[PDB]
């Protein structure tokens, strides 16, 4: 176990500058077509090249001092009830985490696309809580020796898949059950002891969404140490410009006003109430609209800083694919594909 400062979440978040997601990488799943992938088969399954320290070096040089490492464990988790995590996968995750930690950066490690089993209903609650404890015990034990620069995030976007309001707050039952899942995660990490007793921990709302219904029903977990919990909100806003592939590519003054209200709501919901909050995912799709995204990006970061809210770009290394093109660092050439946009978010 390494020497660790006893920092509050607010103090830790003030040392972050801006963050970068290693997207569509260790979070890639193959569930429907390749059971039991080896670590490399998963990491490359969605088209990204295998990750290198040189990549993270470049992220740091670009002005980011924090990397979120989204990790999907489902394809690497054994049968119930032991839910043994494949040793080779745990080893590879640790290698990538070390690319960040060895760069003196902050690192956020989570569980990501677990929705096949992580279902927020009363019927599933006991079974899901049992598996959360099984896997977070393994993960927290492997990484317990790390200092304050490593943050555990208990879940990504827990939600009611298939429900008419899946992406609209679900139902009250789902929002309340997610409170139990967040509490189990905190309980499981703290029980491993050591540095994990005072590590900062991140928890999402329903779908990591900030809205009246997800905020109203949210219950901050009870903890065994003071001021170590952080809420993660994902906010690809304004929606029509930043997230909707069939929405406008123009960014207007009205969009600036909407962004002001949206990020203000994140602050008023959590930071204004003594709950530290981070925007763990944000971005704007490539719509062949560099001038629009530059104006969007300058205003997003300006407003975020005015509420002291840190932001983490979702970088999925996709530029002109058939899908969501949120790439920023071209991993194939180790070059920034849209340097104007990087500068807009670093100024």
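Numbering follows the first chain given and starts at 1.
S.K.: Quick one: higher average CA temperature factor, 254-262 or 228-236?
M.R.: Looking at the recorded C-alpha B-factors, 254-262 comes out higher on average.
S.K.: Which has the higher mean CA temperature factor in the PDB entry, 19-27 or 331-339?
M.R.: In the deposited entry, the stretch with the higher C-alpha B-factor mean is 331-339.
S.K.: Between 170, 194, 204, 221, which carries the biggest CA temperature factor in the record?
M.R.: Answer for 170, 194, 204, 221: 194, with the highest C-alpha B-factor.
S.K.: Which of these, 312, 56, 318, 303, has its C-alpha atom at the highest B-factor, as the entry lists it?
M.R.: Each of 312, 56, 318, 303 was compared by C-alpha B-factor; the highest is 56.
S.K.: Test of reading the entry: by CA B factor among the chain's modelled residues, which third contains residue 276?
M.R.: It belongs to the middle third of the chain when residues are ordered by C-alpha B-factor.
S.K.: Using the B-factors in the PDB entry, rank residue 189's C-alpha atom against the chain and give the third, lowest, middle or highest.
M.R.: Its C-alpha B-factor, which the entry lists for residue 189, ranks in the middle third among residues of this chain.
S.K.: Within this chain's modelled residues, let me know which third the CA B factor of residue 38 belongs to: lowest, middle or highest.
M.R.: It falls in the middle third of the chain.
S.K.: Looking at the temperature factor on the CA atom of residue 70, which third of the chain's modelled residues does it land in?
M.R.: CA B-factor rank for residue 70: lowest third.
S.K.: Relative to the other modelled residues of the same chain, rank the CA B-factor of residue 244 and answer lowest, middle or highest third.
M.R.: As the PDB entry reports it, the C-alpha B-factor of residue 244 lands in the highest third of its chain.
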